[PDB]
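Trainee: Have a look at the structure that comes next, please.
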Amino acid sequence: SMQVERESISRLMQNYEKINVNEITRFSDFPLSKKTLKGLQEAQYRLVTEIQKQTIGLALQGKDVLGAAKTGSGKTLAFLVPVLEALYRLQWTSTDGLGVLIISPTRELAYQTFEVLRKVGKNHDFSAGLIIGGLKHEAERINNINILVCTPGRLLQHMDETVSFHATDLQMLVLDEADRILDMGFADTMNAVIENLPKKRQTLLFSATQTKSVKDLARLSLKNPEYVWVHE
Ligand SMILES: Nc1ncnc2c1ncn2[C@@H]1O[C@H](COP(=O)(O)OP(=O)(O)O)[C@@H](O)[C@H]1O
Ligand SMILES: [Mg+2]
């Protein structure tokens with residue numbers, strides 16, 4: 001297909017240029033698919049937080065973003081909303097393979113992000129899977145998965161020891177809680193993961209804090225990044 005969805009997508013995209021954060025209080029003030037809006041509304045998410053307001057628009061427009069805001073700010077939806085929309089704009093489906101990698105620092109943090117994604121993205125037609133360790137069972141299922149939520153070590157493992165894993169068609173890389181990723185010692189793991197990905201992609205980096213190392217990474221991982229910070 002689909003001919004109608006192409007028209008709908010085209011209209012959303014014409015409205016990307018007109019995005020103005022001073023006119024945004026609600027998720028529905030951004031130009032978002034009906035499926036994303038339904039999922040947000042069904043999950044009781046209606047008004048945007050400041051970091052969501054200041055980063056979702058730029059991500060919709062295809063830009064690389066470093067978003068910095070303390071814990072509790074709403075960073076998860078700040079990248080998940082753009083993740084869903086990136087694949088929706090392409091009419092991505094389960095047969096299209098790996099479109100988005102979201103990397104979180106620990107198995108519990110990865111799991112928490114995965115749960116938000118499966119609640120808020122439930123009205124979309126993409127597959128989502130969680131890879132966090134704790135084997136071969138995993139590989140069997142994930143070759144077909146559109147959105148993978150991962151921990152850094154397990155992702156690099158899948159990469160190194162799975163012949164069928166490829167990210168040739170990756171659209172977006174997201175680093176969730178990027179300052180913790182780095183403070184755990186995963187800088188070298190991250191660079192190796194990045195060697196296995198296409199340069200052409202969009203990359204979002206979300207961090208709780210302003211650290212030297214995350215700003216350094218924003219140069220290992222990001223193309224002319226849009227820096228955005230929020231406080232108080
Ligand atoms: N737009 C919103 N409206 C109301 N609550 C929200 C919104 N976005 C996030 N939250 C809630 O605020 C809390 C923190 O969000 P979360 O993404 O985990 O923050 P962070 O990763 O920045 O620490 C969670 O309870 C989440 O459900
Ligand atoms: Mg978080």
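Naming works like this for the structure tokens: A, B, ... for the chains as they're shown, residue 1 at the start of each chain, ligands 1 onward in shown order.
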Can I get the residues of chain A within 10 Å of ligand 2, each with the closest pair of atoms and their distance in Å to one decimal, using only C-alpha atoms and all ligand atoms, sorted chain first then ascending number, as a tab-separated table?
Mentor:
residue	atom	partner	partner_atom_place_in_ligand_line	distance
A:69	CA	ligand 2	1 (Mg)	9.9
A:70	CA	ligand 2	1 (Mg)	9.1
A:71	CA	ligand 2	1 (Mg)	6.5
A:72	CA	ligand 2	1 (Mg)	7.3
A:73	CA	ligand 2	1 (Mg)	8.3
A:74	CA	ligand 2	1 (Mg)	7.3
A:75	CA	ligand 2	1 (Mg)	5.9
A:76	CA	ligand 2	1 (Mg)	5.7
A:77	CA	ligand 2	1 (Mg)	9.4
A:104	CA	ligand 2	1 (Mg)	8.8
A:105	CA	ligand 2	1 (Mg)	9.9
A:109	CA	ligand 2	1 (Mg)	7.2
A:110	CA	ligand 2	1 (Mg)	9.2
A:112	CA	ligand 2	1 (Mg)	8.2
A:113	CA	ligand 2	1 (Mg)	7.4
A:176	CA	ligand 2	1 (Mg)	6.8
A:177	CA	ligand 2	1 (Mg)	6.0
A:178	CA	ligand 2	1 (Mg)	9.7
A:206	CA	ligand 2	1 (Mg)	8.6
A:207	CA	ligand 2	1 (Mg)	8.5
A:208	CA	ligand 2	1 (Mg)	7.9
Trainee: Keeping only N, CA, C and O atoms, write the selected residues to a file as a compact mmCIF listing (two decimals), in the first residue's frame.
Mentor:
# COMPACT_ATOMS: atom_id res chain seq x y z
N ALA A 69 18.29 16.85 31.19
CA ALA A 69 17.29 17.25 32.21
C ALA A 69 17.35 16.24 33.34
O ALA A 69 17.49 15.03 33.12
N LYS A 70 17.23 16.72 34.55
CA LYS A 70 17.33 15.85 35.70
C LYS A 70 16.31 14.71 35.74
O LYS A 70 15.26 14.72 35.08
N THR A 71 16.62 13.71 36.56
CA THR A 71 15.72 12.61 36.77
C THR A 71 14.34 13.07 37.19
O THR A 71 14.20 13.92 38.08
N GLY A 72 13.33 12.47 36.59
CA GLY A 72 11.95 12.90 36.88
C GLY A 72 11.39 13.87 35.83
O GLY A 72 10.20 14.16 35.83
N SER A 73 12.22 14.32 34.89
CA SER A 73 11.82 15.35 33.91
C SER A 73 10.90 14.90 32.77
O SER A 73 10.23 15.72 32.16
N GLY A 74 10.89 13.61 32.46
CA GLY A 74 10.13 13.07 31.34
C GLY A 74 10.97 12.76 30.10
O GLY A 74 10.49 12.88 28.93
N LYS A 75 12.22 12.34 30.30
CA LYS A 75 13.06 12.05 29.15
C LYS A 75 12.56 10.88 28.27
O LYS A 75 12.78 10.90 27.03
N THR A 76 11.87 9.89 28.87
CA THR A 76 11.49 8.69 28.14
C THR A 76 10.62 8.97 26.92
O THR A 76 10.93 8.54 25.80
N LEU A 77 9.55 9.73 27.13
CA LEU A 77 8.66 10.10 26.02
C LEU A 77 9.27 11.10 25.06
O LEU A 77 8.85 11.21 23.91
N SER A 104 19.84 1.43 26.96
CA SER A 104 19.69 1.88 28.34
C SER A 104 20.79 1.24 29.21
O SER A 104 21.41 0.30 28.80
N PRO A 105 21.09 1.85 30.36
CA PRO A 105 22.26 1.43 31.07
C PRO A 105 22.21 0.05 31.77
O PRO A 105 23.26 -0.54 31.85
N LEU A 109 16.47 -0.64 33.91
CA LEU A 109 16.20 0.65 33.26
C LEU A 109 15.71 0.40 31.86
O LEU A 109 14.80 1.10 31.38
N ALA A 110 16.28 -0.61 31.21
CA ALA A 110 15.88 -1.01 29.85
C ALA A 110 14.42 -1.50 29.86
O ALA A 110 13.59 -1.10 29.04
N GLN A 112 12.10 -0.81 32.12
CA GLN A 112 11.17 0.29 32.37
C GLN A 112 10.86 1.08 31.10
O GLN A 112 9.72 1.50 30.89
N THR A 113 11.87 1.31 30.27
CA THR A 113 11.68 2.08 29.05
C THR A 113 10.85 1.24 28.07
O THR A 113 9.95 1.75 27.42
N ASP A 176 19.53 6.20 26.05
CA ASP A 176 18.71 6.51 27.22
C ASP A 176 19.58 6.52 28.50
O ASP A 176 20.28 5.55 28.83
N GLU A 177 19.56 7.64 29.23
CA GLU A 177 20.33 7.80 30.45
C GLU A 177 21.83 7.65 30.12
O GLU A 177 22.60 6.89 30.77
N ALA A 178 22.23 8.41 29.10
CA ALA A 178 23.56 8.33 28.50
C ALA A 178 24.69 8.61 29.49
O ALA A 178 25.78 8.02 29.36
N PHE A 206 19.94 11.25 25.46
CA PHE A 206 19.29 11.80 26.63
C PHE A 206 20.06 11.52 27.92
O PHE A 206 20.46 10.38 28.22
N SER A 207 20.27 12.59 28.68
CA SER A 207 21.12 12.54 29.87
C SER A 207 20.46 13.27 31.07
O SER A 207 19.86 14.32 30.89
N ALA A 208 20.61 12.71 32.26
CA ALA A 208 20.20 13.35 33.52
C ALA A 208 21.06 14.56 33.88
O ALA A 208 20.58 15.48 34.53
Trainee: So which residues of range 3-223 of chain A fall under strand (DSSP E) by DSSP, listed as a ChimeraX atom specification?
Mentor: /A:65-68,100-103,128-131,147-150,172-175,202-207
Trainee: Could you pull the residues within 12 Å of residue 83 in chain A, counting only C-alpha atoms, minus those fewer than 2 positions along the same chain, as an MDAnalysis selection string?
Mentor: chainID A and resid 32 36 56 59:62 76:81 85:90 92 99:102 117 120:121 124 126 128 146:149 170:175 202:204
Trainee: May I have the residues within 7 Å of residue 46 in chain A as JSON, numbers by chain, using only C-alpha atoms and disregarding those fewer than 2 positions away in the same chain?
Mentor: {"A": [26, 27, 40, 41, 44, 48]}
Trainee: Enumerate, as a PyMOL selection string, the complete set of residues in range 40-223 of chain A that a backbone-based DSSP assignment places in helix (DSSP H, G or I).
Mentor: chain A and resi 40-42+50-60+75-89+94-96+107-120+136-142+152-161+178-183+187-195+212-220
Trainee: Could you check the closest approach to ligand 1 for each of A:15, A:1, A:209, A:8 and tell me which residue wins, using only C-alpha atoms and all ligand atoms?
Mentor: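 Smallest distance to ligand 1 is found for A:209.
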Trainee: How many Å lie between atom 14 (C, counted along the ligand's line) of ligand 1 and CA of residue 49 in chain A, rounded to one decimal?
Mentor: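 If I compute the distance from atom 14 (C, counted along the ligand's line) of ligand 1 to CA of residue 49 in chain A, I get 9.5 Å.
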